[PDB]
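Trainee: Before I ask anything, let me first share the structure, which is written out below as C-alpha cells.
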Amino acid sequence: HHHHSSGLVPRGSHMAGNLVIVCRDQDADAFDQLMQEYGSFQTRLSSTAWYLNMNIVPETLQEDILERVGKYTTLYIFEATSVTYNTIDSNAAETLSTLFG
Amino acid sequence: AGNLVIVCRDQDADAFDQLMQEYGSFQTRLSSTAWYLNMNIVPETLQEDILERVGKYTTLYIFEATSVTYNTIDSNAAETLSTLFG
Ligand code: NA
Ligand code: NA
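Top to bottom, those sequences are chains A and B.
Each residue of the first sequence is one higher than the one before, starting from 1 at the first, in this note's numbering.
Each residue of the second sequence is one higher than the one before, starting from 102 at the first, in this note's numbering.
This is how it looks when you write it as C-alpha cells:
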C-alpha cells in the first residue's frame with residue numbers, strides 16, 4: 001500500500017486547522033528554522049513546503065512569519081480539507097498517517 | 102473549479118514541472134517543488150496520472166484547499182491565485 005488519503009478530520013489529537021505553507025527556494029532554510037518551533041505538529045514536505053496541524057487563523061500565521069523573516073518575503077498559506085499522497089518510505093508513511101489522521 | 106496544491110520532493114522538480122505544463126493557465130508554480138492548480142479533477146485521479154507518468158515510487162502530496170492567503174513577488178502566481186481561487 002504506497003497510496004494514501006486523509007480528510008484531515010478534527011477529532012481527538014488532530015487539531016481543526018490544517019495548513020500548507022509554501023515559500024520560495026531562496027528562503028527554504030529560514031522557513032525551516034521557523035517551522036521547527038511547532039514541534040511534532042508540522043512536517044517538511046519539501047525544501048519549500050510544510051504541513052502544519054494547528055488551530056491558527058492563516059492571516060495570523062502570515063503576520064507572524066512576515067514579522068520574523070521580513071515583510072517583503074514571499075509566502076503562500078493554504079487551509080486544506082484533504083490530502084492524497086504516495087510515499088516509498090515506510091518510516092515517512094507512519095509519521096504521516098499519525099500527523100494527518 | 103477545485104483548488105489543489107501539489108508538492109513533490111526536490112529530486113523530482115523538473116519532471117513535475119514538465120507535467121504541470123499540460124494544465125496551462127490553470128496552474129502556477131509557487132516554488133521548485135509546489136504548484137497551485139485550479140481544476141475539476143479528483144485527487145486520486147491526478148495522483149494515478151502522475152504516478153503512471155513519473156514512476157510509481159514517486160513521493161507526492163495533493164491537497165484540496167479551501168482558502169489561501171499570500172504575499173508574493175511572483176506576478177503569475179499573484180494573478181492566478183487572485184483570479185481563480187475564489
Ligand atoms: Na487554521
Ligand atoms: Na494520462
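For every residue, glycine included, the Cβ atom is placed at its ideal position computed from N, Cα and C.
Assuming A/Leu45 contacts A/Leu19 under a Cβ cut-off of 8 Å, what Cβ separation, rounded to an integer in Å, is found between them?
Mentor: Locating residue 45 of chain A in the first sequence gives position 45, where the first residue counts as 1. Locating residue 19 of chain A in the first sequence gives position 19, where the first residue counts as 1. Contact doesn't hold; Cβ gap of about 12 Å is too wide.
Trainee: Do A/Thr48 and B/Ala179 count as a contact pair if the criterion is CB distance below 8 Å?
Mentor: Against the second sequence, residue 179 of chain B aligns to sequence position 78. Against the first sequence, residue 48 of chain A aligns to sequence position 48. In this structure, B/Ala179 keeps its C-beta atom at 8 Å or more from the C-beta atom of A/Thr48.
Trainee: Compare the C-beta of B/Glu145 with all C-beta atoms of chain A and state if any pair is closer than 8 Å.
Mentor: Indexing the second sequence from 1 puts residue 145 of chain B at position 44. With 8 Å as the cut-off, B/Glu145 counts as an interface residue toward chain A.
Trainee: Checking contacts by CB at 8 Å: is A/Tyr38 closer than that to chain B?
Mentor: The count along the first sequence starts at 1 and reaches residue 38 of chain A at position 38. It does not; no Cβ of chain B falls within 8 Å.
Trainee: The beta strand (DSSP E) with A/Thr81 in it runs from where to where?
Mentor: Translated into the one-based positions of the first sequence, residue 81 of chain A becomes position 81. Its beta strand (DSSP E) spans residues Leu75 to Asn86.
Trainee: So what does DSSP say about B/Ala179, is it helix, strand or coil?
Mentor: Position 78 of the second sequence, counted from the first residue, corresponds to residue 179 of chain B. Here B/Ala179 sits in helix by DSSP.
Trainee: Cβ-heavy atom distance between A/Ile56 and ligand 1 below 7 Å?
Mentor: Taking the first residue of the first sequence as position 1, residue 56 of chain A is located at position 56. The answer is yes for A/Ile56.
Trainee: Suppose you measure from the CA of B/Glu123 to the CA of B/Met140; what does that come to, to the nearest Å?
Mentor: Here residue 123 of chain B corresponds to residue number 22 of the second sequence, with the count starting at 1. Here residue 140 of chain B corresponds to residue number 39 of the second sequence, with the count starting at 1. Distance between the alpha carbons of B/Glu123 and B/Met140: 12 Å.
Trainee: Since B/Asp115 meets chain C, which of its residues come closer than 7 Å, beta carbon to beta carbon?
Mentor: Absent here is chain C; the protein component of the structure consists of chains A and B.
Trainee: For B/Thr160, which option in B/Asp175, B/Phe117 and B/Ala102 has the closest C-alpha, if you only look at C-alpha atoms?
Mentor: Your numbering for residue 160 of chain B matches position 59 in the second sequence. Nearest option by C-alpha distance: B/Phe117.
Trainee: Within the structure, which residues are defined as neighbours of ligand 2 by a Cβ-heavy atom distance below 7 Å, reported in chain order?
Mentor: B/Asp150, B/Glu153 and B/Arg154
Trainee: Looking at the C-beta of A/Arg24, does it have a partner C-beta in chain B at a distance below 8 Å?
Mentor: Position 24 of the first sequence, counted from the first residue, corresponds to residue 24 of chain A. Chain B, which has a Cβ nearer than 8 Å to the Cβ of A/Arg24, makes this yes.
Trainee: For a contact meaning CB atoms closer than 7 Å, what does A/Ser6 contact in chain B?
Mentor: The sequence position of residue 6 of chain A within the first sequence is 6, counting from 1. Within chain B, no residue comes near A/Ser6; the closest Cβ sits about 10 Å away, beyond 7 Å.
Trainee: Given a limit of 8 Å on CB to CB distance, which residues of the stretch 162-183 of chain B reach chain A?
Mentor: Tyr162, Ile163, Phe164, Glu165, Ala166, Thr167, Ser168, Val169, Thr170, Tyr171, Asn172, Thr173, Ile174, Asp175, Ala178 and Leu182
Trainee: Just to make sure I have the definition right: I need the residues of chain A whose C-beta is within less than 8 Å of the C-beta of B/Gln148. Which are they?
Mentor: Residue mapping note: residue 148 of chain B aligns to position 47 of the second sequence, counting from 1. Residues of chain A whose Cβ lies closer than 8 Å to the Cβ of B/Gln148 are, in chain order, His3, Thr84, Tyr85 and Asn86.
Trainee: Just mark A/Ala80 as buried or exposed, buried being the case when its beta carbon has 16 or more other beta carbons within 10 Å.
Mentor: Stepping through the first sequence from its first residue, residue 80 of chain A is reached at position 80. It counts as buried.
Trainee: Under a CB-based cut-off of 8 Å, is A/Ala49 close to chain B?
Mentor: The residue labelled residue 49 of chain A in the question sits at position 49 within the first sequence. For A/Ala49, the answer is yes, since a Cβ of chain B falls inside 8 Å of its Cβ.
Trainee: Between the Cα of A/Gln26 and the Cα atoms of A/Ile88, A/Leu61, A/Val69 and A/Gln62, which residue gives the shortest distance?
Mentor: If you number the first sequence from 1, residue 26 of chain A lands on position 26. A/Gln26 has its Cα closest to that of A/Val69, out of A/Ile88, A/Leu61, A/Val69 and A/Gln62.
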